[PDB]
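Heads up: the structure comes next, in structure tokens.
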Amino acid sequence: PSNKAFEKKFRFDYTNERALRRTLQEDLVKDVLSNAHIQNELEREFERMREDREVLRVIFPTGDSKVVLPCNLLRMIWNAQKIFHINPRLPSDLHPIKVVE
Amino acid sequence: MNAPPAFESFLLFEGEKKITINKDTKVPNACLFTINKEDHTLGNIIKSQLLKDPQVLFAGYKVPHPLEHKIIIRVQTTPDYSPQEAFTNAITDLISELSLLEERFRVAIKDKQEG
Amino acid sequence: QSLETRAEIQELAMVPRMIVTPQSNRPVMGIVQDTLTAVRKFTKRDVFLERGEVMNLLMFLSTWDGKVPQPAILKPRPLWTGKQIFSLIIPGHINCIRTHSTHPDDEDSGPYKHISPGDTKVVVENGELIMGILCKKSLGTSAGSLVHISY
Amino acid sequence: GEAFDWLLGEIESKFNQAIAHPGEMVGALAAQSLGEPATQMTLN
Amino acid sequence: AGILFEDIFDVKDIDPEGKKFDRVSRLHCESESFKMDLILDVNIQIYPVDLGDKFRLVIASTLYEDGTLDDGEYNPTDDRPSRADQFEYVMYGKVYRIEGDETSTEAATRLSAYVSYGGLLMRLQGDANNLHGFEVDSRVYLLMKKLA
Amino acid sequence: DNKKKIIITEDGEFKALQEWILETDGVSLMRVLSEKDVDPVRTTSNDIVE
Amino acid sequence: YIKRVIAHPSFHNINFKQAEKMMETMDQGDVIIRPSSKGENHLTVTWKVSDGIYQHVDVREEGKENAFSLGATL
Amino acid sequence: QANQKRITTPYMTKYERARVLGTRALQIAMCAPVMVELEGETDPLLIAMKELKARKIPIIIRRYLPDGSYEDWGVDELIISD
Amino acid sequence: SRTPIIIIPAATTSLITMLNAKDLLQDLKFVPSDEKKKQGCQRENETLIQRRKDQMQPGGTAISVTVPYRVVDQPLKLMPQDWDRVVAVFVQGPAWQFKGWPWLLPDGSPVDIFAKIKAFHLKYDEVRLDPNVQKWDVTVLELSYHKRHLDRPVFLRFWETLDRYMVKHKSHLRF
């Protein structure tokens, strides 16, 4: 992806409260909006991803994203969605700081 | 060199039982009937007759291996009924139909021969 | 000739352990010949089975739990589809997306992306064949096939 | 949260399952893995 | 009751892209009371349908008027009163997808519910309020009746 | 694209540029690498002893 | 007495005197199951009625494939 | 190579599983005392598999390092996956 | 009262025991009874389970209701109304545990009890499943010995299965 698309898709946005309300439950939304330690953690997450992206650009100087790796993460996420009856159309109770840690 | 004798497909071996009954424990009111030295002839007619019974929920048969001479019939009935009862009643119905068919064929042959 | 060599063969080299090869991280065995041609026909959208035919096929399903599923069509006549029976065959609750060989190239970008006119998109979800015609791409030896995901 | 925790456990389990086993005769395996496709190909 | 949706549809096109299967045809229908859009695969060998036909369509989560739920197993010897008695063509299926026009900030105004009836596919599309009973992975019954 | 020149635009995207490349019949890798206007980073040989 | 194969916490392949010796330091109501001298189809169940008092109950074995095995029905 | 810090994998390898099962089965076949309840079991390999699942095989795996040292692992100290 | 009742096998060899049962069902996580013995927990004759379930309500509103559940290690000491209130019992294998209960067939087969109430069986995946359990009609829950992240799905499965059946059968009781 391009720089703009990369930032759009991968950088957590803790300013837009309407979108946050769409995605997260209310208590998590308040914590994300108010807490500053959490926001710094999310920014560090994105900076780590940006450095990773530069490294990948070096490893695969062509644009070939297809790689051979052990754990099929997308299939595992789909399995988790089915096992736990995840309704995508509702805000979730997963704190974004819990993902980072 | 390894050919089985032809009679092996219809003659019971010493000690072999014609029919064995077991319970199917996955679901209630289900039995497996194993029949030795029979093939699609009996299995198919019995299954079709069982499917005519409104108190039979499942009826099917299979030959596990064409080089062996066994058929398995699986029957499930409603709880107010028994797979043993359904099997017995299916055989009785088939015998009745065959007897009627034999009588009527005799009558038709006689008519055709007279004129 | 000994319990130790028997145990070696049992634990290292039995056919089922060999289903995926490290040469190319994909299955070495797939569905071939009659079974493949027939399963392609079986999973077409307009394959309907009566009560008796269904019971016979279930007779041949070694892992069947003994419950006849609700037919996809209840009236005017109870009819099961090939996809329902095949769903009974699929193990666990695996999830897999594939495309049939005759899948048109522009379908995925038009409307009907998720409701295929030709039934050319294979979707197994929660162990159930929701849509699509099975073929070599879904049951063969290629990486990411249904048999690979089952393994 | 529950699904995420299950996911973390599943990733760890599968990753550990993917690790090479000491005793693996990887030289013979590599020789077979290159020779068999060679039998599949032509001289010209 | 257990009824998720109900309306009267007019068949506006059949197999617009040409016939893909011998015994199944794809109907394109529009409803009038709620302006819903419908795509529906139908076994036309047993239930023939012609252009311009009208039918009453009901999507229900249960066949029992007392609202009781089902195990999802064939129960042919059950004789409780059933909604199916009022209808000609009945299918059993599963919701496999719900799409909408929602944005990152706004709820959806139009929803599309996709259902698979053992591989015969249905897409019901319209205003989100009509489609609020539909949940992915839920089983539904489709009830159809031609009316003259 | 396996021989095209792949760049990263200032917007941050991979872009394939068509450019002229030369294939020879023999090999003198050291001399060809030192020729002016020849790319000394990518110019290569299929002869591994060289 | 004949040795047996029973992976039970309270089973000991000991004679009656040996069981009593170990049972003297145990608590009231404890049980020790040991091979029965009556034969290969019997088991002796020893439990401490009270300090210094012990009751032995003979249990017959029916439906065993080997003498050392435990009877199917006791 | 003090077993204080054993640096080899905490998982039993497939080769270790195969050979442990075989060796224990041969021992059972030669009237070695069994470690689990045999209830209705007679094949030595099946008994050995039961013992392995119960973590009762009385065998120690001695893993040699390339350097020459070794590490001793009780069959019950290793994680059995398959 | 209206709080359902769960019956656990009395033998200590089962993978579920009174203290372990509270933890398993309350927290939906596995803990071998041996670890709890190391912890020196105190076994109680009666135990309580506080499960938080979201309530299906119109309009999408969810209220995290904490319905208590009652666990009895010894089921003999229950009054007939309490016996009626019972809805689930785990079977550890042998049938001698069940003998002494109401609704038991004269032969001794507990199939009548299992038809009336839901019975599960809990054991490790590797262990061969008790043939006596297989003949009866009891659901089976498989727990991995080493992987500890496979317990939340299976215990969710147990709760969901018990619910579905119970709401269908007995609605007066506070499921």
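Residue numbers (the deposited numbering), protein chains in the order written: chain L, 911 to 1011; chain D, 1 to 115; chain F, 507 to 657; chain C, 1062 to 1105; chain S, 2 to 149; chain X, 1315 to 1364; chain E, 1325 to 1398; chain P, 46 to 127; chain Y, 357 to 531.
All C-beta atoms in this analysis are idealised placements derived from N, C-alpha and C, irrespective of residue type, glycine included.
Give me the chain C residues within the contact set of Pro509(Y), using Cβ-Cβ distance strictly less than 7 Å, ordered along the chain.
Along the ninth sequence, one-based indexing puts residue 509(Y) at 153. By Cβ distance, chain C contributes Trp1067.
Tell me, please, whether the CB atom of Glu1063(C) is closer than 8 Å to any CB atom in chain L?
The sequence position of residue 1063(C) within the fourth sequence is 2, counting from 1. Yes, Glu1063(C) lies at the interface with chain L (some Cβ there is under 8 Å from its Cβ).
From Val75(D), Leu11(D), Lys26(D) and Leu50(D), residue whose alpha carbon lies closest to that of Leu32(D):
By one-based count along the second sequence, residue 32(D) stands at place 32. The shortest Cα separation from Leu32(D) among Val75(D), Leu11(D), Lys26(D) and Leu50(D) belongs to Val75(D).
For a test of the three-state rule: what should DSSP assign to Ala544(F), helix, strand or coil?
For the purposes of this step, residue 544(F) is identified with residue 38 of the third sequence, where counting begins at 1. Looking at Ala544(F) - three-state DSSP - the assignment turns out to be helix.
Are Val443(Y) and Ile361(Y) touching if we call contact CB-CB under 8 Å?
On the ninth sequence, position 87 is the one that residue 443(Y) refers to. On the ninth sequence, position 5 is the one that residue 361(Y) refers to. Taking 8 Å as the Cβ cut-off, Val443(Y) and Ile361(Y) qualify as a contacting pair.
Would you kindly work out how many angstroms separate the C-alpha atoms of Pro462(Y) and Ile19(D), rounded to a whole number?
Taking the ninth sequence and counting its residues from 1, one reaches residue 462(Y) at position 106. Taking the second sequence and counting its residues from 1, one reaches residue 19(D) at position 19. C-alpha separation (whole angstroms): 29 Å.
Distance cutoff 8 Å, beta carbons only. Does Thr78(S) sit that close to anything in chain D?
Looking up residue 78(S) in the fifth sequence gives position 77. Closer than 8 Å to some Cβ of chain D, the Cβ of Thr78(S) qualifies, so yes.
Beta-carbon gap between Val1383(E) and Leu1394(E) smaller than 8 Å
In the seventh sequence, counting from the first residue as 1, residue 1383(E) sits at position 59. In the seventh sequence, counting from the first residue as 1, residue 1394(E) sits at position 70. At a Cβ-Cβ threshold of 8 Å, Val1383(E) and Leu1394(E) do not count as neighbours.
For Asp1361(X), is the classification buried or exposed, using 16 other Cβ atoms within 10 angstroms of its Cβ as the cut-off for buried?
To locate residue 1361(X), count along the sixth sequence from 1; it is residue 47. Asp1361(X) is exposed by the Cβ-count criterion.
The beta strand (DSSP E) with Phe446(Y) in it runs from where to where?
Here residue 446(Y) refers to the residue found at position 90 of the ninth sequence. Element bounds for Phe446(Y): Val442 to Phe446.
Since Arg84(S) contacts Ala61(S) with CB under 8 Å, what's their CB separation in whole angstroms?
The count along the fifth sequence starts at 1 and reaches residue 84(S) at position 83. The count along the fifth sequence starts at 1 and reaches residue 61(S) at position 60. With 8 Å as the limit, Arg84(S) and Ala61(S) qualify as a contact, their Cβ atoms being about 6 Å apart.
Can you find the residues in the same chain that come closer than 7 Å, C-beta to C-beta, to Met524(F), ignoring five residues on each side of it along the sequence?
To locate residue 524(F), count along the third sequence from 1; it is residue 18. Scanning its chain for C-beta atoms nearer than 7 Å, with the 5 sequence neighbours on each side dropped, one finds around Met524(F) the residues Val534, in chain order.
Find the residues of chain S that neighbour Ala929(L), judging by a C-beta separation of less than 8 Å, and give them in chain order.
As a working note, residue 929(L) is residue 19 in the first sequence. Those are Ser105 and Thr106, listed as they occur along chain S.
For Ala1391(E), go through chain P and note every residue whose CB falls closer than 9 Å to its CB, in chain order.
Taking the seventh sequence and counting its residues from 1, one reaches residue 1391(E) at position 67. Near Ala1391(E) there are no residues of chain P at all, since even the closest Cβ is about 14 Å away, more than 9 Å.
Spatial neighbours of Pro528(F) in its chain, beta-carbon cut-off 8 Å, leaving aside the 5 residues before and after:
As a first step, residue 528(F) is located in the third sequence; it is residue number 22 there, counting from the start. Closer than 8 Å at the Cβ level, and outside the excluded window around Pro528(F), lies no residue.
I believe residue 452(F) touches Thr587(F) by the beta-carbon criterion, under 8 Å. Please report the beta-carbon distance rounded to the nearest angstrom.
Nothing can be reported for residue 452(F): it is not among the residues displayed for chain F, which extend from 507 to 657.
Return the chain-ordered list of same chain residues with a C-beta closer than 8 Å to the C-beta of residue 659(F), the five sequence neighbours on each side being excluded.
Residue 659(F) cannot be examined here, being either before or after the span of chain F that is shown, 507 to 657.
Straight-line gap, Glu96(P) to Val483(Y) (C-alpha atoms, nearest Å):
To locate residue 96(P), count along the eighth sequence from 1; it is residue 51. To locate residue 483(Y), count along the ninth sequence from 1; it is residue 127. Distance between the alpha carbons of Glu96(P) and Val483(Y) is about 11 Å.
Hey, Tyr48(S) and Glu89(S): beta-carbon distance below 8 Å or not?
For the purposes of this step, residue 48(S) is identified with residue 47 of the fifth sequence, where counting begins at 1. For the purposes of this step, residue 89(S) is identified with residue 88 of the fifth sequence, where counting begins at 1. Cβ distance < 8 Å, so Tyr48(S) and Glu89(S) count as in contact.
Can you tell me where the beta strand (DSSP E) with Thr403(Y) in it begins and where it stops?
The sequence position of residue 403(Y) within the ninth sequence is 47, counting from 1. Residues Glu402 to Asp410.
Using 10 angstroms around the beta-carbon of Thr63(S), count the other beta-carbons present and answer buried if the total reaches 16, otherwise exposed.
Taking the first residue of the fifth sequence as 1, we reach residue 63(S) at position 62. It counts as buried.
Relative to the C-alpha of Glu107(S), which residue among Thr933(L), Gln949(L) and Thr925(L) is closest?
Translated into positions along the fifth sequence, residue 107(S) becomes position 106. Comparing Cα positions, the closest option is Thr933(L).
When you compare the CB positions of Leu529(Y) and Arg407(Y), do they come within less than 8 Å of one another, or not?
The count along the ninth sequence starts at 1 and reaches residue 529(Y) at position 173. The count along the ninth sequence starts at 1 and reaches residue 407(Y) at position 51. One thing to note: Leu529(Y) has its Cβ no nearer than 8 Å to the Cβ of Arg407(Y).
Any Cβ of chain P within less than 8 Å of the Cβ of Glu514(F)?
By 1-based counting over the third sequence, the position of residue 514(F) is 8. So, interface residue.
Would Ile364(Y) and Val427(Y) qualify as a contact pair, given that the criterion is a beta-carbon distance under 8 Å?
Along the ninth sequence, one-based indexing puts residue 364(Y) at 8. Along the ninth sequence, one-based indexing puts residue 427(Y) at 71. Yes, the Cβ-Cβ distance between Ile364(Y) and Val427(Y) is below 8 Å.
Is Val1373(E) helix, strand or coil by DSSP?
For the purposes of this step, residue 1373(E) is identified with residue 49 of the seventh sequence, where counting begins at 1. Reduced to three states, the DSSP call for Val1373(E) is strand.
Could you give the C-beta distance for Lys55(S) and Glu31(S), rounded to a whole number, given that I count them as a contact under 8 Å?
Position 54 of the fifth sequence, counting from 1, holds the residue named residue 55(S). Position 30 of the fifth sequence, counting from 1, holds the residue named residue 31(S). No, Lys55(S) and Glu31(S) are not in contact; Cβ-Cβ is about 11 Å, not under 8 Å.
When the Cα atoms are used, what is the spatial distance from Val977(L) to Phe476(Y)?
For the purposes of this step, residue 977(L) is taken as residue 67 along the first sequence, with counting starting at 1. For the purposes of this step, residue 476(Y) is taken as residue 120 along the ninth sequence, with counting starting at 1. Between the alpha carbons of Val977(L) and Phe476(Y) lies a gap of roughly 44 Å.
Within-8 Å CB hit, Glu634(F) to chain P
Position 128 of the third sequence holds residue 634(F). It does not; no Cβ of chain P falls within 8 Å.
When you compare only the Cα positions, how much space is there between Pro971(L) and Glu961(L)?
Along the first sequence, one-based indexing puts residue 971(L) at 61. Along the first sequence, one-based indexing puts residue 961(L) at 51. When rounded, the distance between both Cα atoms is 15 Å.
Residues of chain P with a CB under 7 Å from the CB of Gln1078(C): which are they?
Taking the fourth sequence and counting its residues from 1, the one referred to as residue 1078(C) is at position 17. Per Cβ cutoff of 7 Å: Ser126.
Compute the Euclidean distance between the alpha carbons of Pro582(F) and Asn44(S), then round it to the nearest angstrom.
Within the third sequence, the letter at position 76 stands for residue 582(F). Within the fifth sequence, the letter at position 43 stands for residue 44(S). Answer to the nearest angstrom: the Cα atoms are 10 Å apart.
As a quick exercise: from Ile603(F), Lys589(F) and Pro617(F), pick the residue whose alpha carbon is nearest that of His654(F).
Here residue 654(F) refers to the residue found at position 148 of the third sequence. With distances taken between CA atoms, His654(F) lies nearest to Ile603(F) out of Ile603(F), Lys589(F) and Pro617(F).
I need the DSSP call for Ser126(P), collapsed to helix, strand or coil.
Residue numbering aside, residue 126(P) sits at position 81 when the eighth sequence is read from its first letter. Coil.
Give a yes or no on whether 8 Å exceeds the smallest Cβ distance from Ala1343(E) to chain P.
As a working mapping, residue 1343(E) is identified with position 19 in the seventh sequence. Output row for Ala1343(E): interface = no.
Return the residue from the list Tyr657(F), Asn632(F), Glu510(F) and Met520(F) that minimises the CA-CA distance to residue 150(S).
Look at the range of chain S in this structure, 2 to 149, and you will see that residue 150(S) is not part of it.
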